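Protein chains in written order, with full-length UniProt numbering: chain A, 4 to 10, 12 to 150; chain B, 77 to 127; chain C, 1 to 201; chain D, 5 to 184; chain E, 2 to 186.
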Amino acid sequence: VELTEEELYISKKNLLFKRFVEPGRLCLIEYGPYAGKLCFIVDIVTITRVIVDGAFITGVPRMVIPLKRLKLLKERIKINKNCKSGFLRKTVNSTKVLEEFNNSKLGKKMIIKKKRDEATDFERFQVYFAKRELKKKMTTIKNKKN
Amino acid sequence: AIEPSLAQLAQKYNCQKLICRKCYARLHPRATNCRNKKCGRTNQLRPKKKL
Amino acid sequence: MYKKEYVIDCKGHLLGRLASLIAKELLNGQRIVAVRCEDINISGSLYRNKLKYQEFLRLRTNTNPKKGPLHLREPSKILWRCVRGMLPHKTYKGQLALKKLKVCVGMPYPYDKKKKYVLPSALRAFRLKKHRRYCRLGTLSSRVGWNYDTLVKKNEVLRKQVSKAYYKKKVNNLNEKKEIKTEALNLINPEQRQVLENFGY
Amino acid sequence: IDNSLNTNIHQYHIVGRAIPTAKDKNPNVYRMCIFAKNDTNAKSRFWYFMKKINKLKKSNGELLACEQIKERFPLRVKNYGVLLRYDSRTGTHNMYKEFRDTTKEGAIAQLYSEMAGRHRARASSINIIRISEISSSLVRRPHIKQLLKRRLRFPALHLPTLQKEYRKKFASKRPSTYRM
Amino acid sequence: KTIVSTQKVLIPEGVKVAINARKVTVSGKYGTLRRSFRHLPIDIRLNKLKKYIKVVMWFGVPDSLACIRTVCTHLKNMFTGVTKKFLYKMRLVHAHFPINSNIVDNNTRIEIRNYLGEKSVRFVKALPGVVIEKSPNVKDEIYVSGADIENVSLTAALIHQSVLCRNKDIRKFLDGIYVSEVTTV
RNA sequence: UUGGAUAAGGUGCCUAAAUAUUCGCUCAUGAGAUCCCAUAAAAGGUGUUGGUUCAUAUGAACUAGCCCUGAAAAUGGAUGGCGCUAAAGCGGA
Ligand SMILES: [Mg+2]
Ligand SMILES: [Mg+2]
Ligand SMILES: [Mg+2]
Ligand SMILES: [Mg+2]
Ligand SMILES: [Mg+2]
């Protein structure tokens, strides 16, 4: 027996807690050898420990970690509780969740940071030059406005 | 001049209590433990002496 | 600690931890302006804290109390004392470090307009479980005869309006800048623009 | 691989027996699984247990084999029941505790912490008598029952354990514990 | 550590509720009550379309559960207050000297006089927003009333304290002013 | 003497090294805090944490962890100090 217009209400009820640790939360590892890495919560072991799995796109193998070490993201993918890594890989690729994450603010900023880190001196200089050019233009526009 | 119901009511507050055998605290008539820290919350409760 | 002078907004911080953080920095060699020290927190209940402070007060020097433990009871002064406790203040270096610390109640004549940093290692939000009793230092001080609490609060309130006003202007400026950038991304060169886009800006 | 996380309790199958004598040429062998931090420790534990149970001391027996048991499905959550004998400062007790974990070894690691923490029972004073996986129809302990619930979900109320790089003691903005 | 524990408090009909960050505010026929709960960790969530509000606690020992229940009870009380004022019916009992119970200052401040005959006045001001009426029906009693269950009760307690006699045998001297019936209107 | 790498011990600051990680326990209206060591007990506790044995999701009885009471002395005052409660406490890893 369907709802009709209560559906809308349910959709737009601001909950305090979104991002529940559950099967198929995206998860950004904060602490350890794996950090800045993404990885999905496959199972949950106990109130504090979770089994994570970067399905082989990401660097991180199936293993148990403390929930403390995780940073749950807005992204989810529906998966069967039992799901082994191959299946996870299949699903995530199909659903394009990683792309979505990248598009999202945090992911974007992460990738920008990575780019900055990996830059050559020249590339840094190029960016500086560009900024200078922009500043010039910007300054001119400000002057015009004033 | 204390009509019986009123008297009863009064008693309910002033008289039908338990008392800690240790620190003398006034307790509700149905209490098991003293509630006061200095006794170390004893189980040794007695009825408030009537008349 | 490579800046000239860190201003620390002491609101929401846990007294001792904050003090500890300050002390090391001071030792290293770093002026620190602990600002808004009325709002520092202590991890006990209020009553417990008061009791501790009462006990402290009680320890004067029997013989001649002009000397002996000075019971400085402005929150800032308390903070300062705490900081001192964690410094080798009987040396020269320690003394210097101590001197480097300035503490204030509310925020005054430069430290309104300086950036205010926060020590998140010593933040009450991150360091006490929410079912634990804490206590605002200012209140504690008041309880133990500081008096100038209400006045301070009033001053803070006054300052907040000013800050808000400033913030509006700042926001507007930011918006304008953004607009200009949007306009003037189109007017550069293509390749340069592309490069800029690639690295975030 | 993560070495900050590990607890290096392994399980060892030990088999040993009394040295044969002219009077008892074919003695009994005894085996056990033993939870120990390394192989030598395991051996020692085995010897101790032999001493306790049978007349058998390390000097008049011989270890036949020490195997090391690695968990077969080290990434499947299981519900482990354990039965301990421990010594308090006042006396000696049995207890049965349950741990949801990924391996026997992990469970035992948990257990040692718990006994240390909850009872001040140090590793010396404990003897694990049996650990066995309890299928969830027979789980008696409420803190394990809860986990076994159907479509389990919960928020992340833990605080960030930032890497020591990005732990900086001066912050621009008052961080937020809410997150989302 | 119980993963989730909940409670459901059914809002009545003519009540305008509005929680935010545990700062619950309820309005209705009698009074607008506001009463913060931002000392226990709890994501009290509102359902405005249906009735009811859900108090929910993630993790936490029995303490937390207890707190949750308390919160729920408080909410219920608040709702009741806004629908229908709480009416603490306080009967004053005297042996010899009748107690003069003079209400003043817009039915706040009740001056009690001639308690055990001492020719001295006991002032007992009511809390914010809590009327103190005297009897229409019977002779002796005193209605204390006004929305916030906490405040009316407190007022009543204060009144009682103002009376209660000092160094004598209190079993013999039953004189005072006691809460007979906690009710609504 | 130079360099190394340890011991006992430590690693919030004083104080060189962890506001490390990881799992518990503990809130104390005179917490606790590390061999000798600079004190605490019998007895209690519907404090909370596990258990054990019993009965019909409640009622019992126990049991031992931490905590509380028991716990009062004279200059002012000492886990060494500051302080610490998502510990910088207690027990582990
Ligand atoms: Mg007399
Ligand atoms: Mg050397
Ligand atoms: Mg070294
Ligand atoms: Mg150091
Ligand atoms: Mg230390």
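Ideal Cβ positions, reconstructed from N, Cα and C, are used throughout, including at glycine.
Classification of residue i by the beta-carbon crowding that lies within 10 angstroms, buried from 16 upward
| i | result |
| --- | --- |
| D121 (chain A) | exposed |
| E25 (chain C) | buried |
| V157 (chain C) | exposed |
| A77 (chain B) | exposed |
| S65 (chain E) | buried |
| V162 (chain C) | exposed |
| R48 (chain C) | exposed |
| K86 (chain E) | buried |
| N7 (chain D) | exposed |
| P146 (chain D) | exposed |
| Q120 (chain B) | exposed |
| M99 (chain D) | exposed |
| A134 (chain A) | buried |
| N83 (chain D) | buried |
| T7 (chain E) | exposed |
| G65 (chain D) | buried |
| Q54 (chain C) | exposed |
| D106 (chain E) | exposed |
Nearest candidate by alpha-carbon position, reference residue i, set the options
| i | options | result |
| --- | --- | --- |
| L9 (chain D) | A:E103, A:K149, A:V54, A:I69 | A:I69 |
| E14 (chain E) | E:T84, E:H40, E:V180 | E:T84 |
| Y31 (chain E) | E:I160, E:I171, E:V10, E:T81 | E:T81 |
| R123 (chain E) | E:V56, E:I104, E:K173, E:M79 | E:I104 |
| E102 (chain D) | D:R126, D:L152, D:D6 | D:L152 |
| residue 67 (chain B) | B:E79, B:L82, B:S81, B:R106 | Nothing can be reported for residue 67 (chain B): it is not among the residues displayed for chain B, which extend from 77 to 127. |
| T44 (chain D) | D:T11, D:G65, D:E71 | D:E71 |
| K125 (chain B) | B:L82, B:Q92, B:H104, B:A86 | B:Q92 |
| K149 (chain D) | D:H123, D:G65, D:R104, D:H162 | D:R104 |
| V86 (chain D) | D:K55, D:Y16, D:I112, D:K41 | D:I112 |
| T62 (chain A) | A:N107, A:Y38, A:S98 | A:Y38 |
| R39 (chain E) | E:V18, E:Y116, E:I69, E:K49 | E:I69 |
| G90 (chain A) | A:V4, A:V46, A:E26 | A:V46 |
| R23 (chain E) | A:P27, A:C31, A:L20, A:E26 | A:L20 |
Residue i, enclosing beta strand (DSSP E) - first and last residue
| i | result |
| --- | --- |
| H14 (chain D) | 14-22 |
| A86 (chain B) | It is not in any beta strand (DSSP E) - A86 (chain B) instead sits in the alpha helix (DSSP H) that spans 80-90. |
| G85 (chain D) | 82-91 |
| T182 (chain C) | No beta strand (DSSP E) holds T182 (chain C); the alpha helix (DSSP H) holding it covers 150-185. |
| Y89 (chain E) | 87-94 |
| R70 (chain E) | Per DSSP, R70 (chain E) belongs to no beta strand (DSSP E); it is in the alpha helix (DSSP H), 63-84. |
| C82 (chain C) | Not the beta strand (DSSP E): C82 (chain C) falls in the alpha helix (DSSP H), residues 75-85. |
| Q72 (chain D) | No beta strand (DSSP E) contains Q72 (chain D), which DSSP labels as neither H nor E. |
Beta-carbon neighbours of residue i, restricted to chain A and to distances below 9 Å
| i | result |
| --- | --- |
| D44 (chain E) | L19, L20, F21 |
Continuous alpha helix (DSSP H) stretch holding residue i: start and end
| i | result |
| --- | --- |
| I145 (chain A) | 125-149 |
| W59 (chain E) | Run containing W59 (chain E): none in the alpha helix (DSSP H); it sits in the beta strand (DSSP E), 54-59. |
| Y35 (chain A) | Run containing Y35 (chain A): none; DSSP gives neither H nor E here. |
| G16 (chain C) | 15-28 |
| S117 (chain D) | 108-123 |
Beta-carbon neighbours of residue i, restricted to chain A and to distances below 8 Å
| i | result |
| --- | --- |
| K181 (chain C) | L138, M142 |
| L196 (chain C) | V131, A134, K135, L138 |
Partners in chain E for residue i, counting only beta-carbon separations shorter than 8 Å
| i | result |
| --- | --- |
| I51 (chain A) | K2, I4, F60 |
| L161 (chain D) | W59, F60 |
Neighbouring residues, chain B, relative to residue i (Cβ below 7 Å)
| i | result |
| --- | --- |
| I69 (chain E) | Within chain B, no residue comes near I69 (chain E); the closest Cβ sits about 23 Å away, beyond 7 Å. |
Under 7 Å from the C-beta of residue i: neighbouring residues of chain E
| i | result |
| --- | --- |
| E9 (chain A) | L50 |
| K130 (chain C) | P42 |
| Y13 (chain A) | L50 |
Chain E residues whose Cβ lies nearer than 9 Å to that of residue i
| i | result |
| --- | --- |
| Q87 (chain B) | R172, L175 |
| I78 (chain B) | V94, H95, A96, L175, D176 |
| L127 (chain B) | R172, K173 |
Per-residue contacts from residue i into chain B (C-beta, under 8 Å)
| i | result |
| --- | --- |
| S181 (chain E) | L85 |
Listed by chain order, chain C residues near residue i by CB distance under 7 Å
| i | result |
| --- | --- |
| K146 (chain A) | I180 |
| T181 (chain D) | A125, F126 |
Chain-ordered chain A contacts of residue i [CB-CB under 7 Å]
| i | result |
| --- | --- |
| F158 (chain D) | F24, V25 |
Cross-chain neighbours of residue i in chain C, by beta carbon under 9 Å
| i | result |
| --- | --- |
| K119 (chain A) | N198, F199, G200 |
In chain order, what residues place their C-beta within less than 7 Å of a heavy atom belonging to ligand 7? Here the bound small molecules are ligand 1, ligand 2, ligand 3, ligand 4 and ligand 5; ligand 7 is not part of this structure.
In chain order, what are the residue ranges of uninterrupted beta strand (DSSP E) at least 3 long that sit wholly in the region 119-151 of chain E? Fully enclosed beta strand (DSSP E) runs of 3 or longer: 122-125, 132-135, 143-146.
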